[PDB]
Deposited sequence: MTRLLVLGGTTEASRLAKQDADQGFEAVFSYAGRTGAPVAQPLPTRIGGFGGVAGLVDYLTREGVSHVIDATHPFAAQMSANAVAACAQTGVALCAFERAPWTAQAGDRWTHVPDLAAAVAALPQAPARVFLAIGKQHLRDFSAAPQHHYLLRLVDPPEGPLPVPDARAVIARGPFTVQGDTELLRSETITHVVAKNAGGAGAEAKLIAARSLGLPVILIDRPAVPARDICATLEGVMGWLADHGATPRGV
């Protein structure tokens, strides 16, 4: 009978994990690099790799609730599950939709984001965390602003840079103050994030400022579950059951 693997790295996953435990499913949870489920922390050694693991563990269903800018995992699951005949929903929160007063532009990747900043010097919230910040040195004439969950640990990759320290979950109040005091002119964001990720967008709207929005990476087709309720429905439809059935 049933045995689920949940690929995590998101709060949607964390929330899915509490359900599965609570309802008494047999499920393992998978970080790369606590949860209320047994937890596996490595990677799998590419595709198959995963196939080997899906086989030896006797996994019936996989839920890819990984981050949405973490595509190589998500696609590896697709292959491994396709080649293995193991079911697979993907629990992704639906990407953000613009609305009156937003002033958004869209770009494929980080590279395109850097290319879309203006010539004239600007003051630019890089709400990317995190990594590949290095890439914006390509436009050095801007005053950038960063939010890192850590201390810098070494200097700042970009010339005119001010960091700050990101506790979370962020809040419209906070993010608006932050942007206003820092006289931010543009925001750069990925189209992803749980928690109070959307606060910065709202604050940008409050102050009438543009966002450059990095669209999610391309990933092969797979059943998509946009909520928890759906995921659990999907699980029922595909014959999954808690302990005891």
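Within the chain's deposited sequence, the coordinate-free stretch is confined to 34-39.
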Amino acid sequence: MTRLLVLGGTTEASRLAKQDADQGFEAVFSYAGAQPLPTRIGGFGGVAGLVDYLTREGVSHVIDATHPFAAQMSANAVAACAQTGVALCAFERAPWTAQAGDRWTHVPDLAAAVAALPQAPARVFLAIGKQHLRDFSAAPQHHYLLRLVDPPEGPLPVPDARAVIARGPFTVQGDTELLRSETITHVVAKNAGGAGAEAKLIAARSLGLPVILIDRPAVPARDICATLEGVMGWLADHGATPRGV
From here on, numbers count along this sequence of modelled residues.
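The deposited model assigns a higher average Cα B-factor to 167-175 than to the other stretch when 112-120 and 167-175 are compared.
The stretch with the higher mean CA B factor, choosing between 154-162 and 135-143, is 154-162.
The PDB entry assigns its highest CA temperature factor, among 66, 35, 60, 185, to 35. Of the residues listed, 27, 213, 204, 48, the entry assigns the biggest Cα temperature factor to 48. Sorting the modelled residues of the chain by their CA temperature factor places residue 82 in the middle third. Residue-level temperature factors show residue 72 in the highest third of its chain, judged at the C-alpha atom. Per the PDB record, residue ranking by Cα B-factor puts residue 6 in the lowest third of the chain. In this PDB entry, residue 21 carries a Cα temperature factor that places it within the lowest third of its chain's modelled residues. Ranked within its chain, residue 195 lands in the highest third, by CA B factor from the PDB record.
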